[PDB]
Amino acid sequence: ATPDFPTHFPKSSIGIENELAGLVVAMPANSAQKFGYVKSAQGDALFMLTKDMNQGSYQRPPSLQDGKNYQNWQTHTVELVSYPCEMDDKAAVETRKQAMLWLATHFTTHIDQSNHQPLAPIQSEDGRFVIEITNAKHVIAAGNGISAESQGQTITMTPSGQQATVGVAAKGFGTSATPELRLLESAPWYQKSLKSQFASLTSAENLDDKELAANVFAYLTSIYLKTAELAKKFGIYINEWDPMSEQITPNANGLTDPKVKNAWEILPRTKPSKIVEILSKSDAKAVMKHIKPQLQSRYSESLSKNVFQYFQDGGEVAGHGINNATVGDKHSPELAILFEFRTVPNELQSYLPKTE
């Protein structure tokens, strides 16, 4: 079994996604995404071997008929998904990059002499890396996996197949305290002006933590307003809001549509309603009560009510979120909120492996 991602980190964390070029993985239909992982010889889990983009049904090349059942098997692109590490852990970042580059070299040999065969659980020549196979019911094939023989491809990785996910303590969003926080706050959807706006709206209120409440308000409002902007732009059906009722033609399949996720640039990966937990019951009520008018002053009553309710009931920004991540003291853990960089920016390029 592929180990689950560690959930706790002392400070800011980072994870990477690396979609490979030059090969496919074929597996039975409705197989689990994870088919293996790469760890250090010391035992530290570095990245998962996963199926990503469905490339159509698998057809075993006739010249490689082996008496085995490949019925209903699907081909997919391979994506290497790192186990998160600390952002300032140079060794862990580098080991992940080096392990991903080594596996690409291993994959290059694999498609040359073992095309249309599963990957074997092996140790690297230098002893540094170990492949563990969690699902042997797979095959690795060159290119798009139609031909029995390869075109002599070198397995590569490119910025277009790359993503990064940054996890920070939820209490820090809006403080600009660290370079990671400042990078996350640069998100085009984040409106820092909402912090001082909340302070102006709550002068007569005796809040338990005024600065924290303002930070949570600015974060949540920014997400709610962006969700409403996207629902209007892309014609998305949110809760009970119908875009067609406002003469908007849908041009996206929902919140999880790649182009909707790309429109965020820095995509929130955690359930918005989780942040309410970092505040007192009183402060959370004060924050929540002030959000509705921010939506209603910019958007229709129906869109406003539907966006507000969706996130209030635990609605996700773009599908299943990473909602069990924590930061700080292991014994008294604090909520971590995660963000996916749809394109890896210059500030995070050093966390990504490069073929060239």
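Numbers follow the displayed sequence, beginning with 1.
Trainee: Using only the Cα atoms and their B-factors as the entry lists them, report which of 63-71 and 47-55 averages higher.
Mentor: Stretch with the greater average CA B-factor: 63-71.
Trainee: Read off the CA B-factors in the entry, average them over 251-259 and over 104-112, and name the higher stretch.
Mentor: It is 251-259 that shows the higher mean C-alpha B-factor.
Trainee: Which one, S297, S304, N323, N30, has the peak C-alpha temperature factor per the PDB entry?
Mentor: Spelled out: the listed residue with the top C-alpha B-factor is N30.
Trainee: Among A164, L279, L184, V81, where is the Cα temperature factor highest, going by the PDB entry?
Mentor: Highest CA B-factor of the listed options: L279.
Trainee: Name the third of the chain's ranked CA B-factors that contains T95, choosing lowest, middle or highest.
Mentor: Tercile = lowest for this residue's CA B-factor.
Trainee: Hey, what third does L230 fall into on Cα B-factor, ranked over its chain?
Mentor: Its C-alpha B-factor belongs to the lowest third of this chain's values.
Trainee: Rank-wise, by C-alpha B-factor, drop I275 into the lowest, middle or highest third of its chain.
Mentor: Its C-alpha B-factor belongs to the middle third of this chain's values.
Trainee: Comparing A21 with the other modelled residues of its chain, is its CA B-factor in the lowest, middle or highest third?
Mentor: As the PDB entry reports it, the C-alpha B-factor of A21 lands in the highest third of its chain.
Trainee: Check where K39 lands among this chain's C-alpha B-factors and tell me if it's the lowest, middle or highest third.
Mentor: It belongs to the lowest third of the chain when residues are ordered by C-alpha B-factor.
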